[PDB]
Each structure stands twice: as structure tokens, then as C-alpha cells.
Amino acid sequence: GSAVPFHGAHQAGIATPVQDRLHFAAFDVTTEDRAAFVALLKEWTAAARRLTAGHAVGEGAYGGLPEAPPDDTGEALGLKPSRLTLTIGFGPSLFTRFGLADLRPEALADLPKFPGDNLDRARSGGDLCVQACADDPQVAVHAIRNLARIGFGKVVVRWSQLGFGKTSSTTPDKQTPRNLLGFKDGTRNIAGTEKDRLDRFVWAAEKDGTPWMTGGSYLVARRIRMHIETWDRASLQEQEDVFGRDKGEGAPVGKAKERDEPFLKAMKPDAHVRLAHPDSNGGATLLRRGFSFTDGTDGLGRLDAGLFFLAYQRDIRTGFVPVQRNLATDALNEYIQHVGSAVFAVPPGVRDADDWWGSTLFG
């Protein structure tokens, strides 16, 4: 039920405990007026401060002039904050606008092409994103819908993704959730309490070269289809060999308990965990924060499902990219396909009631 604080050095929704639901929206900018865009960021911030406290935006959902559309669309009336977080990010394409070219962060690297991808361009990229996470899906949709409405005429929704259930953990003291392949996903991640690891691996620092991004992070989103029919035909041992962990307990091969440290050399050479581990990737460590999805059927008799992968890191070049490169030979590749992608620079936090999303970028 409770609220997650909206203000801080960092935006919430990163280190925060992972909530049950996701509504992620990517927007494109339509206005060429920088002052109008700044005004939108401030109005959006004000809205987010209301939303994340369980309050209606603007002057509320009713009680205004009868002839006026309500300021808030009303479907969150009577609900709780439900741990809603709203996290904004700026895509590389934003920096072509508003005289921002020289402020594009070097750590906001475009991804290379990866073997096997079939990326839907229409559901990739975006000038900006808002990640809405909450325990109540109606709270999350209300937030996105009202931000979109506020932004009408200045931004448009390019694409969106709903996540029905989490597949990630920033809280190793709680149960690790399972993805739709049936495996625990999030055992060896980064905890919200691991201050030093967050500083090392997640938060941008001023000396990294982009002052406005200090206390921000960089986000990679990958929409990944799962080949459920093929997976579900695989043997237990094939599935366990793919990952390098057993399925029921989720321990590394040869170990009895989920959180026992892996002995990588006992895994298959191609195993996902072996290839993805920091030790395989120059120490590169990610904060994974994704969710599962299911998008109807394939039209031909089969349920369609997948995982909407999210990773936060201090630098895309030393986080996602080396890891995904090392997954070129991953045994998992037989059962997945990346079908959408985007990257964003997620600014530092909203410091207090007078601050606003993007203030360090825009001034």
C-alpha cells in the first residue's frame, strides 16, 4: 500500500524493491519549442509528485466545473500509492533537439547490432521513456495515461510495454521471482542496500565525463520473445544445462542452495550464467529490473510470451554491451529472440519540491 519517496539524490524505481507490475512507455517529442518542453517536464514532475503519493493530478478527478474535462481521469480514485515509482529517461534521439547535441552522454552508447535480432523499429527507440512500476496495475496505467494526456501536443507515445509480473530482484532477503521458463531470475543481481556496488556499477559519477548525469544511470530495454513451444519440449537436464543452475532450487550446478556462490567451471561452456557472470565480462555487473509479458497468441494456436529485460548501469559500454556480446554463444539463444530495443539516460533524482525532471540537463 505504502508510498515510495519520490524525491532523492537518485530517481526511485532503480534501487527500489521491485514492484509487481510494469507499465513502460516510450515517447517521441513533437514540439520544437525548448521552453514548452521545459514547461512539460515541470508539469510532469508535479503530476508525478501527486501520483506517487496516491493523489489525483491537478485539481482532481471531479468537483470542477461541469463543462470542463476533469484534470485527473479518475480510475485511481480510492486506491493507494501501491509503491508507485515513475522513472524518466532520455533517449539518444532527444539530443538532436533543443540544442542538446553536445550534452549527449558518451556513456549513452548506441547498441551494436547483435546476431539473431529481429528488432521491430516501431517498438524500439524513443526520445524519452517513463517507467511506471507499482503493485497495482490500475495505478500504473493511470499514471502513464495521465502523463500522456498532460503531454498531448508536445509528446506522443511511440510504444509501450506492460509487464504482468516481475522477473527481477533488488531484495535478496525476499523470494526470487521466476520467469516464464520456470527459473528464478534475479538471484545474483544488485541489492538496494548494496551502496558500494550501486556506486561502482549503477550510478554515474561526475568524473565519468558528463556532469549533468551525476547520480543518474543508463538503461537498456530489450523485448525478448521466448520460444515456449520448443523450450517446453526440452528435458529437465537440457533446461538446467542452458542456465547452469538447477530448476527447482535455483542453485548453481553442484550446489544445494540458491544463493551458494557458483563455481563457473562446472557449468557448460555455453551456459547463460557462466557467460553472463561479471568474471566473464571484466567485472561488468548489471542491475536487472525486468518483467514478464504475454501478448496474446501467435495467431496459429500457441500462446505468445516473453520477457521485457531492463538493465541499469553506470555505462552502457561497460555494462550491457560486453555482457550481451559474450552471450553470442549462449545456449539460451536457441529459445529466445530479441525483438525490440531502446537505450535511455536516466537523470539524477528530483531533489525536493522545487526541483524538476531534467533540471540538470536543461538548467
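Note that residue numbering follows the sequence shown and begins at 1.
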For the higher mean C-alpha B factor in the entry, choose 177 to 185 or 206 to 214.
-> 206 to 214
Out of 107 to 115 and 289 to 297, which one has CA B-factors that are higher on average in the deposited record?
-> 107 to 115
In the PDB entry, which of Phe90, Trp231, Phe152, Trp159 has its C-alpha at the highest B-factor?
-> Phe152
Could you check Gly165, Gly74, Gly126, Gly254 and tell me which one carries the biggest Cα B-factor in the deposited entry?
-> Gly254
Please place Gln237 in the lowest, middle or highest third of its chain by C-alpha B factor as given in the entry.
-> highest
Taking the entry's C-alpha B-factors for this chain, is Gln131 in the lowest, middle or highest third?
-> lowest
Compared with the other modelled residues in the chain, in which third is the CA B-factor of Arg223?
-> lowest
Would you mind checking where the Cα B-factor of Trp356 ranks among the modelled residues of its chain, as the lowest, middle or highest third?
-> middle
Please rank the C-alpha B-factors of the chain's modelled residues and tell me whether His55 sits in the lowest, middle or highest third.
-> lowest
